[PDB]
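Taking the form solved without the named molecule, here's one chain by itself in structure tokens.
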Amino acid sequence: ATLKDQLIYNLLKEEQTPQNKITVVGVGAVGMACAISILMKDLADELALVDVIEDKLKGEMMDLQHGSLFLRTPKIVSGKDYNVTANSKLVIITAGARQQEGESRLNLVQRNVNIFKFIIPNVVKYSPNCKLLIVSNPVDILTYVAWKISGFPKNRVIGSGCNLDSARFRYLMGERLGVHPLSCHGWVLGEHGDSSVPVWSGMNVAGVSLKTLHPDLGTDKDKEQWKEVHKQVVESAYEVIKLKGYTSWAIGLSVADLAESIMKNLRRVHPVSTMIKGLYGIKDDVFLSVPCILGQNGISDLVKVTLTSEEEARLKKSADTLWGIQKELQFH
């Protein structure tokens, strides 16, 4: 006469093939920041955590599990084996190779490719219809890798791209103008990293172009040196790592926001990393960050931003560089 049976009359066996499942792969600082941000935004009804560090994984699962009372996400699960990711709508990849000391860039990427050779086909094995959000760096290359390896079409392979950079850019713009980042508008596009392009033309508060008001905006002869806002944006992770060891919170919140649009089919515009063969004269299979319309089918549409000859040329060289690295990769 077990106590559960005395208390509760069961009415229904049925399995629970879950309806709004998100999986996070990799439980480091970035991964778990993505996890807590997702849980606290009530975006998913089952969350799956996957890593190879078995004891650390289990710790992070239990710790979240213990906060269940303060959450609205009834099922939290974890494991090294990818069957715990089955039927995910969205799979967020934070996993990668850790940096070796004298290691060439290619080699770092190659070793990420070797890891993705194992992860990605396990992810598609269990969630054939999911969306892949790649966070792992270098993100515009690793999004190409997940694309190639998965074979998913381009709308369901998304890189976190410059989504965060644009966030930092707005924060900083805000703190100059004394106005909330929500009301300060501006776009960092192209390659996530040192070569990202701050589109000055597009910066506005309430539709009032900063570029028109201050024509020297973004340039050398700019006496307010607004390019330092960009320099800050690019330097930002470095300085944060220099200070606290890693970064986590910002990238967590940023990925949670991309998930919001996807999981709730919002059709919001985010600058994320997407295939752009065809656009800006770029002829290579290369992912770059461009404002995209995000929804239940991933990237459904993208926004053709008017770019200058100068800004177009930046994007083209980012692609040249990326391809140069991408064509020395080994997938077999």
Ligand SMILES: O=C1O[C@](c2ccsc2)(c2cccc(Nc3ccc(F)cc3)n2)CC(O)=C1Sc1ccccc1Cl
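Heads up: residue numbers just count along the shown sequence, starting at 1. Throughout, rigid core stands for the largest set of C-alpha atoms superposing within 1.5 Å between the two forms.
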Exercise. Following superposition on the rigid core, is the mean squared CA displacement, expressed as RMS, greater for 318 to 326 or for 19 to 27 in 9 other deposited structures of this protein?
Worked result: 318 to 326
For this session: Kindly name the stretch, out of 153 to 161 and 109 to 117, whose CA atoms are displaced more from this form in 9 other deposited structures of this protein after the core superposition?
Result: 109 to 117
Exercise. Once you work out the mean C-alpha B-factor for both 207 to 215 and 89 to 97 from the entry, which is higher?
Worked result: 207 to 215
Exercise. Higher mean Cα B-factor in the deposited model: 194 to 202 or 219 to 227?
Worked result: 219 to 227
Problem set entry | Highest-ranked of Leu279, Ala33, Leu47, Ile293 once sorted by CA temperature factor in the record | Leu279
Problem set entry | For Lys283, the third of its chain into which the C-alpha B factor falls | highest
For this session: Give the position of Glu54 by CA B-factor within its chain, expressed as the lowest, middle or highest third.
Result: highest
Exercise. Is the Cα B-factor recorded for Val123 in the lowest, middle or highest third of its chain?
Worked result: middle
Exercise. Once the chain's modelled residues are ordered by C-alpha B factor and cut into thirds, is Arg105 in the lowest, middle or highest one?
Worked result: highest
Problem set entry | Assigned third (lowest, middle, highest) for the C-alpha B factor of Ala29 | lowest
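The discussion below concerns the form solved in complex with the named molecule, not included here.
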Problem set entry | Binding-site state, shown form vs the named molecule in the bound PDB entry, superposed, 3 or more atoms under 2.4 Å of backbone or C-beta | blocked
Problem set entry | the named molecule in the bound PDB entry reached by all of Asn137, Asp165 and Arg168, non-hydrogen atom within 4.5 Å | yes
Exercise. Among the candidate residues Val124, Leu253, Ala86, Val234, which is the single one with a non-hydrogen atom no more than 4.5 Å from the named molecule in the bound PDB entry?
Worked result: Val234
Problem set entry | Contact test in the bound PDB entry: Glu224 vs the named molecule, heavy atoms, 4.5 Å | no
Problem set entry | Partner contact for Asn155 in the bound PDB entry: the named molecule, 4.5 angstroms, heavy atom | no
Exercise. Within a 4.5 Å heavy atom cut-off, is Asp194 in contact with the named molecule in the bound PDB entry?
Worked result: yes
Exercise. Along 246 to 268, which positions have a non-hydrogen atom within 4.5 Å of the named molecule in the bound PDB entry?
Worked result: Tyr246, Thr247
